[PDB]
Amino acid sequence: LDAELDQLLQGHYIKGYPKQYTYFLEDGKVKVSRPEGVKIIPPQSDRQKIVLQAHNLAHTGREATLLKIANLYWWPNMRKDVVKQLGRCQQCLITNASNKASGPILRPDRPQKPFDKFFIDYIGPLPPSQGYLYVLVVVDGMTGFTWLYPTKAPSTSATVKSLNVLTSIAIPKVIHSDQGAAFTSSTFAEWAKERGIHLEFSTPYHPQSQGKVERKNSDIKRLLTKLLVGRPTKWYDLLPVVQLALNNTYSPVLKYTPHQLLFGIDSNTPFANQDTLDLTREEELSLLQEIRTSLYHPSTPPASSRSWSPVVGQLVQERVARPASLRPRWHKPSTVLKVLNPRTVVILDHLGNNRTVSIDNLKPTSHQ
């Protein structure tokens, strides 16, 4: 109000308003001679409404908002008031993009043993082949050894059917998957409990988390493609061929096929490696245990120059999953309960539920 502006008009000094300038009255308002021109100094009691009207024109960020205000007004520390507003505009907070990258990816340790962890996932739909439209892909964590089962749907029941056949060979400690209907259903849960299998789940909408299997899907599709060139897309009869082909293919970085990681000896397939011909099986298994421990493990990459890591109690926003046309891409702000690791957090989604969430599906709410 007129409070602070009065003493200013007389010429006695107030903190914030530089004394070297000349402040006067004209047309009813307090003005000031600034190098860029003459600007109205509104009363503090007016400043909020102003910042608001300016920002609201096109819902602009800091500078683009400031530049409108600086057209008519000047007051001390303008951006501070501008930013106060931005941090309060529900509409900008939930609609704007982030301009801060996720922190650098973790590279989890390779499972130590075959059957310690399975990654599973569905591929499809695909062109119908013999009435089948999907492929269930199971990928052993440690070996990369992969099983494929053609299905009619990505259903719990088709999953159970296939895994009963698979587990006839061995039972895994853990099975990891995404939060797909087929895997989160309680029917599947009970099938797992019934066998002492622990179900592990990827944070929501974060397929990197099943990276092992997503990545294997790529090869599966790539080789199916090559094989079906200029033929009609009858992929049903090729699953068995692709399974075999891939399980017996060298990873250039490991110098081992998944089959060799699984069994320590090639079977009767072409170009079978013969180097352990003379060792007894036991000598073979002993050399296989050593091969398994000394495999290459990638290291976490350098952070990008403008990343953020999550801090307990930080205000953050989860990404809207399937956002409707012309609706916000972000949820309202929520609070970081617990940092499970630099790339995974538990947030209270201010409903409020506990959610475990990847930082790739998060932005740090702007302006504190």
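Heads up: residue numbers just count along the shown sequence, starting at 1.
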query	finding
Stretch exceeding the other in mean C-alpha B-factor - 88 to 96, 277 to 285	277 to 285
Which of 324 to 332 and 39 to 47 has higher mean CA B factor, as the PDB entry lists it	39 to 47
Chain third (lowest, middle, highest) by recorded CA B-factor, residue given as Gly61	lowest
Position of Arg215 among the chain's modelled residues by C-alpha B-factor, lowest, middle or highest third	lowest
Modelled-residue ranking by C-alpha temperature factor, third containing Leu315	middle
For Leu224, the third of its chain into which the C-alpha B factor falls	lowest
For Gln7, the third of its chain into which the C-alpha B factor falls	highest
